[PDB]
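A short write-up of the structure that comes next.
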Amino acid sequence: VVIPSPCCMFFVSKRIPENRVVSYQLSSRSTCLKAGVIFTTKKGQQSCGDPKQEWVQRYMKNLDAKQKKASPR
């Protein structure tokens, strides 16, 4: 899937447990006041994650090898 360019209202109080998160949704827009990523839990939740944190980049790092099916090589 691919998120369009939505936004958020607040930043997660902290990171998330990889055992609960499933995938994020980057939302870089100018009409908004700030820019961050949106993560979601496997239970059906959705929290906005900040890129300044390493759990967004970390998840986003492993998520890139899954979603973006580059190649088997």
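Note that chain A is numbered according to Swiss-Prot, with residues 27-99 shown in order.
Going by what the header records, the deposited coordinates were determined by solution NMR.
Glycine is no exception: its Cβ is also placed from the backbone N, Cα and C atoms.
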Among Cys33, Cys34, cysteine joined to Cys74 by disulfide in Swiss-Prot: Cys34
Alpha-carbon distance [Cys58 (disulfide bond); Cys74 (disulfide bond)] in Å: 14
Close in space, distant in sequence - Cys34 (disulfide bond), Cβ under 8 Å, 6 or more apart: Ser53, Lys60, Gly62, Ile64, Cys74
Densest Cβ neighbourhood among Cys58, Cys74 (disulfide-bonded residues), 10 Å radius: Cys74
Packing count at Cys33 (disulfide bond) (other Cβ atoms within 10 Å of its Cβ): 15
